[PDB]
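Take a look at this single chain, the form deposited in one PDB entry, given in structure tokens.
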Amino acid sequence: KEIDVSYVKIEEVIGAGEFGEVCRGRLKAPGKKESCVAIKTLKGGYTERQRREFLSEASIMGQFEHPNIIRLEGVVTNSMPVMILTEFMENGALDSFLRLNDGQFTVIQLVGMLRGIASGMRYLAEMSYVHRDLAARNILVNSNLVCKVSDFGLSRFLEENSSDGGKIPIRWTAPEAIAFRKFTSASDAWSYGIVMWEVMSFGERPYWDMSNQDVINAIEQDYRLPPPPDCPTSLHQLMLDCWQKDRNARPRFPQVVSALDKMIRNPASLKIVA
């Protein structure tokens, strides 16, 4: 949807993306109430390939409609700068939000967040969309603590293409996806287990200071991240399930959502910690 630039007001720069700024703003279109939006801008200096890559995120977002997937409002393409407008998520990236709020949200709240992410992923997998970069940094959080999946793009990672989408995010990526580049919803399930660990650790870095190669070797040699401090054993077990070496043994996203829904209905169960 092409948005007339007169309908957009940019209010403040709130972040930086791959190709430019991220801004908070307001969108007011004839017949609709004004709404808050996030705005990604692409200014001069870019190649047309880069413009197409930039705008591909909007095309993909535009294919989706789900309360746990960032909603596209529109694009500005017939003017400079080129812009992508989405709903506004007041609290930004989940990893930094949790680090700011370390130890300040209850287990039930954290499970709620995890459930929102898992529902987003359930939807993507139902749509045969493989995310490939599922990580807490790609989850955005609104004022009501609703978590939504972001970061959409279909470009191969650098390891896939010519001998001579960026690099594979090793610490989030399933071992078969690293080894063979086979990215599937089951490799996303692996990544989701890592997101779980990030959330329950209030945004610690997966594998701390281990090198990418150390992580790869450790996983092959059966190492798995330990439960974070105070983490319910049932959540850590779900993480381990997500991290099965055999991709076919990992839970699919409907089963993940079901498991989390049971926890929420049975919060006593979350009292058992190591």
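Residues carry their position along the shown sequence, with the first being 1. For clarity, a rigid core is taken as the largest C-alpha set superposing within 1.5 Å between two forms.
Same protein, other form: the form deposited in another entry, not shown, and the subject of what follows.
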At a 2 Å cut-off on C-alpha positions, does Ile264 qualify as shifted between the shown form and the other one after fitting the rigid core?
no
Would you say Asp230 moves between the shown form and the other one, meaning its CA shifts by 2 Å or more once the core is fitted?
no
Does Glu65 move its CA by 2 angstroms or more between the shown form and the other one when the core is aligned?
no
